[PDB]
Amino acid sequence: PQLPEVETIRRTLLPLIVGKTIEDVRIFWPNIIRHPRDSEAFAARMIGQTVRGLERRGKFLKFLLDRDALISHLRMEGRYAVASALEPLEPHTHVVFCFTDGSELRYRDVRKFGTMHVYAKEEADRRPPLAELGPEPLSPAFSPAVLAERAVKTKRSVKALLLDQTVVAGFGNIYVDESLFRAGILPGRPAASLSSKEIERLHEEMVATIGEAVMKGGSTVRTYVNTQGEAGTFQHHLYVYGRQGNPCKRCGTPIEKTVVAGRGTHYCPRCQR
């Protein structure tokens, strides 16, 4: 999940948990718990706290409780669902928060890549993993200037730059490839090779793409769905991600796939320069 997907989860999950009080926290895969590292302390401290809010920072969910904030990263396949504690758990459920009303928040993650950190609210933003995050792309904090500042300072590919959460927070493999196509820039190009014009265009398309994806409920290309199990619809508006071999929607040239920054990379060799 990237910003659009996490934001959709945030919006759909909040009403299902706000105001509920945690009675127990059960952990079936301890490695997901990163702080405190002792899963027993992680579970103990949340008992008795009430969910007061749910925010998003980059690709992270921030559950606001009473004294603490639970920072959750879904990584590649993490997902949340709210259900009855009387029903059997679904496969690959690794963390469960039991509420006093008999309902529970279940975290499933087939690949076990997700992470959870709990800190006092006032400490969450100045500690990892949130501390080093770049600006929110849909905020004034993210501007062409902010992008250029990091671009004209590194030689790595522009794709690697956009995937760097310290540069700007929220973009993943899908939206980086899509934004670059829309801006007409090849993913393997050195970030420092982009002109002021290209930087402005890239910023514009990044904001437009991420904004459009949020409105469409994110992209469901594998298994991502909102809290209600409803798939997003942005996958129908993809120009290059996962379309290798298919004709470009703008010029008809076959989309190509290669490896850039160690990630599958999709692009149109004609529309992108």
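Throughout, we count residues from 1 along the sequence that is shown.
For the pair 232 to 240 and 215 to 223, the mean B factor over Cα atoms is greater in 215 to 223.
Here 197 to 205 and 117 to 125 are compared by their mean Cα B-factor, and 197 to 205 comes out higher. Ranking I71, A151, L163, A81 by the C-alpha B-factor listed in the PDB entry places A151 at the top. Comparing C-alpha B-factors across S103, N173, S179, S157 in the deposited entry, the largest value falls on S157. In the deposited entry, the Cα temperature factor of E77 sits in the middle third of values across the chain's modelled residues. The PDB entry assigns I9 a C-alpha temperature factor belonging to the middle third of its chain's modelled residues.
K59 sits in the lowest third of its chain by CA B factor, as recorded in the PDB entry.
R108: CA B factor lies in the lowest third for its chain, per the PDB record. Looking at the C-alpha B-factors along this chain, the one for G19 belongs to the lowest third.
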